[PDB]
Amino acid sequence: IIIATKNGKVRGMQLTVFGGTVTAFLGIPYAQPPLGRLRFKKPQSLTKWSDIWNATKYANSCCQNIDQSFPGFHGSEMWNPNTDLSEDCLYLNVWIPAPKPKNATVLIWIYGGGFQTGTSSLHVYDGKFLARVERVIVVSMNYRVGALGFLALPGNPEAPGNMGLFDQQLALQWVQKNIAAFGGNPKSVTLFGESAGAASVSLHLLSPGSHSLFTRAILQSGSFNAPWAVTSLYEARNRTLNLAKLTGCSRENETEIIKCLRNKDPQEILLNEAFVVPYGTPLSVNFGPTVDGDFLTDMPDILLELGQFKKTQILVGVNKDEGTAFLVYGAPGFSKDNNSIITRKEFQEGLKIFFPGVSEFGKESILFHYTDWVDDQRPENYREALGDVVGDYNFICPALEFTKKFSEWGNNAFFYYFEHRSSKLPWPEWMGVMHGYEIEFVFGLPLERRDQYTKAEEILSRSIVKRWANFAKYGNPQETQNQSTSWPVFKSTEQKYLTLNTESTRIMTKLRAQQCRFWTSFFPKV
């Protein structure tokens, strides 16, 4: 099958899924390759072609540093890129149901990776189950990460910042101009993303240039008000200069700095990225979104507080154990290979690692709030406290504050709390329901019975896929047929959320109320 797009014809491939057929277009380009004089610049328009483009295999993933903290360990390496790294990586993928739909709702996926890593060709990001089972069209794109995507000299168009976000935005533009030719409705487009991807989705809610490119939005374990998500103009400039010094590109004319960095090999930029910050944590975002004056016209906390964003429905949620994954990447006493029982002194050492530029009193307040033991004789007490500190501060409390702030302006919002630790995961049990552990359930991998998942997990993923699809089509994430718990809207007063698990789906209220009042009200002062 061939499809005629605004820039030329493209050829796809057929996929047998669950006794049916999905058509896949892997690797359509959506911008001029950002090479040479184009490195660090906004993505440039793609000039037509007269031939048939073969969209039949995933394209190159963008340049990035690979995670090698556990070589040969599937739990980390399944997130490493699975196609060639290259600066020529501005490509996207399309999964359309067969037979060609007539006006299908589109789901657009934005992967995370701390704004430094990630790629849309990962196995857990395969859109074919969602297209087969729910008849939505799934789209995903590669966008530039790290310094190649977010190096910032604010004002200077040679390196204005936010290039990865403008990559995402240009791919959404492609969906507006082209997806009807695939049988999709450009007027029913839902963005969804996880971690830095979720943060990216929330920034598309703020950026006026994105407001007409999508309908609704789904935020999984991530939002732009998280402490890691937005870099100040101060830090962005300092870090760009630290990178120029690290590569001998230090000049006085700032444009001549950008020209000097353009002649460095992609690798040489990648190797020095890590050292532009003085103190780093497992959650560092060396090069990330900034207030560029273009994509972000003001500091996003101000735009949230004052209601400056797209008015629409949102679906937001978090996992029970967001913080645990990061503890084995540097906290003393922790290991994926033992139950990581830490002492009080090890907990305090852990805080120094995750809170380097915090005052001494700051660290003492975290200690005080989180070690008032109900039972001090539990040896996992400190182990669990440090995970909860990292998870509440970095993910859960910013997600709730974003949802409260957002709903206060009249829009329907739905909040979930994902608490299933799946059956086949390679990380140990003490890490619980880890960051990223819901992606496979959202994409419907447990719907594959040969994939070593339990039956309860197939049921959970089936219900989640239905709710996500109903949210994208209708703005309302119910499973209306199989006698399911209704999912109430999240209001600022009552703060009802839905829990997702294989046992009992429950309505609860005011998630982490005492912990988030600490982080969101007391702590930012320090």
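Throughout, rigid core stands for the largest set of C-alpha atoms superposing within 1.5 Å between the two forms. A residue's number is simply how far along the shown sequence it sits, counting from 1.
Each structure in 9 other deposited structures of this protein is fitted to the shown form on the rigid core, and of 406-414 and 277-285 the C-alphas lie farther away on average for 277-285. Compared with other deposited structures of the same protein, residue 305 does not meet the criterion of being unmodelled in at least one third, since all of those that resolve residues on both sides include it.
Residue-level annotation: residue 375 lacks coordinates in a third or more of the other entries compared, counting only those that model residues on either side of it. Of the two stretches examined, 328-336 and 194-202, the record assigns the greater average C-alpha temperature factor to 328-336. The stretch 351-359 shows the higher mean C-alpha B-factor when 391-399 is compared against 351-359 in the entry.
Across the options 310, 320, 404, 237, the residue with the most elevated CA B-factor in the record is 237. Of the candidates 107, 241, 147, 130, it is 241 whose Cα B-factor is highest according to the PDB record.
Among all modelled residues in this chain, the alpha-carbon of residue 48 has a temperature factor (C-alpha) in the highest third. Among the modelled residues of its chain, residue 476 has a C-alpha B-factor that falls in the lowest third according to the deposited record. When the modelled residues of the chain are ordered by C-alpha B-factor, residue 437 sits in the middle third. Ranked by Cα temperature factor within the chain, residue 63 sits in the middle third according to the deposited record.
The entry lists a Cα temperature factor for residue 207 that places it in the lowest third of the chain's modelled residues.
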